[PDB]
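The chain below stands alone, shown as structure tokens; this is the form deposited in one PDB entry.
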């Protein structure tokens, strides 16, 4: 019942500036007790149009059961007053419970997908719909986790998960070292980092933007793992490893990071496969980039190496949630060239 009702609302996207300028507990409580059920209900309605053999997997049934229970947990606060202190404190406890309940959503959904794909025939249309759904499902989770964690961290130098002066280069170095450690453990060697930076907006000044560092770290860690693996495997018959070159550029509207390796590249024919849905790190990393209207692209030189590029909005006011909405256009989405 509650699912159908709240699915009629459209999600309300927030800017990073809103999350900053705002971060009153009563206001956050009133907003989130409405907004989180809306987002949960919207994606629940989309789960119901997936193939029947996929929805009936124990994994998708778990996700659906968790999301429905969290929606009901949150809807129960609509009968409470924002002035009710126990309700404010219980709301924090409930968000923590919901976050704990959703801790394993990503690997559980992935398990359902893998089980369905391995067991059943998947026509090309269905395969494209699964890509469409998974992008939207995982973006939806990124967004609910973002909002809930903001309220938890603030009300239970950063404003919640947002660093208003994110040291981009420092995140790049941290993500690279994380990948380096795993590369050394597995291969006994790893490429070095050759980093340069260009502050076009503020010449010679350090590069800072408003951003969620954990998101940026996730994107860079995944790209570095892939670039290090490609370098080591492509150059296994070599004494030394070519470095991974990174340039960080702050323009007027955009913050760009380009990661270059000489790991042999990938044929253009199959480059898109890397973004197909464990092999989920790259498509999810692109979701993180697009979440606040950024983007993540790969362009490879098969036989030589690969360039990975992250785009982020440089202005917090333009960093607005990109949210999926279950509406006529979505349902409809589910030969002019030879």
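Positions refer to the first chain, counted from 1. The term rigid core refers to the maximal set of C-alpha atoms that superpose within 1.5 Å between the two forms.
There is another form of the same protein, the form deposited in another entry; it is not shown, and what comes next is about it.
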Practice item. Using the rigid core as the fixed frame, list which single one of 229, 99, 117, 201 shifts its Cα by at least 2 angstroms between this form and the one not shown. Key: 117
Exercise for review: Verify the C-alpha shift of residue 126 between this form and the one not shown: is it 2 Å or more after superposing the core?
Suggested key: yes
**Study point:** Distance trend in that other deposited form - C-alpha atoms of residue 8 and residue 126, change of 3 Å or more
**Key:** farther
Review point. Since the CA distance of residue 126 and residue 62 differs by 3 Å or more in that other deposited form, is it closer or farther than in the form displayed?
Key: farther
